[PDB]
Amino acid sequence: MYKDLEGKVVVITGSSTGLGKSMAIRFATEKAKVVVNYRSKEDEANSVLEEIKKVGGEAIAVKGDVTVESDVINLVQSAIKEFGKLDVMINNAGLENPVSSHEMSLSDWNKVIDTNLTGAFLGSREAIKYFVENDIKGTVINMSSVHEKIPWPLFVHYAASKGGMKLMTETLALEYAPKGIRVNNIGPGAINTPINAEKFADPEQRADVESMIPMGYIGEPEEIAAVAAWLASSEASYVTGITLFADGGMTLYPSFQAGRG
């Protein structure tokens, strides 16, 4: 669809499953060279790799924990060594777990902040460092959430991590705009991925979530991959520092439908 993506090198963290996997496949379909990332389970990575070969794409899988600095540095260097360059960096790895805020341990809080926010900072830092030192007008796409805007009781660490990601992205976008480096956030609503399989399995829970989505349906991973592909393309040449929400209307305050209140 986007001719300018052909030959571009795209790195995606946490891309052995869910949204990361869907984006890896979409970029492969756009003829971009993809670097998949797995934390520990290499088998899941080989799976995404087979889907990519299925569409005639070219890709490699690199092990790396985004909370380990040397792993992030190595991930970026691996892309350059294998494909000769780096064009798009997508920080997608993340985690979440529910705990009442006043009962949340420092350990749980740090795990989420370290992975969701600091991990994205490291990925962004390494990609931009490369872009700057080589005069490349690359782009960084950070995977956020409707929760960088919508508060989330029981997930205060997650909400804080995404709210922080918003300001990190806007700051990097402003700081490097003069060099032609675009930095944007994608803010997905409820999407059908493994992180929600069990929740969406229960008919009561599923109906509950759907009631919070104005459009009435839980989105598919491909609907988010479509956003990532567009933002990475030259079609979005004048777009930087934004958060593009793809949430079926979640951020519009679903409880106020029908003129309630």
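From 1 onward, residues are counted along the sequence shown.
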**Study point:** Higher-scoring stretch by recorded Cα B factor average, 112 to 120 or 161 to 169
**Key:** 112 to 120
**Study point:** Mean temperature factor over C-alpha atoms, higher-scoring stretch between 46 to 54 and 197 to 205
**Key:** 197 to 205
Check your understanding: Looking at 215, 60, 224, 28, which has the highest CA B-factor as recorded?
Key -> 60
Practice item. Would you mind checking which of 175, 148, 126, 135 has the top Cα temperature factor in the PDB entry? Key: 135
Check your understanding: How does residue 220 rank on Cα B-factor within its chain, lowest, middle or highest third?
Key -> middle
Study note, to complete from the structure: Chain thirds by Cα B factor, record data; residue 130 belongs to the middle
Revision key, fill the gap. In terms of its chain's C-alpha B-factors, the third that includes residue 78 is the highest
Revision key, fill the gap. For residue 180, the third of its chain by CA B-factor is the middle
Exercise for review: Report the third (lowest, middle or highest) to which the CA temperature factor of residue 210 belongs, ranking only the modelled residues of the same chain.
Suggested key: highest
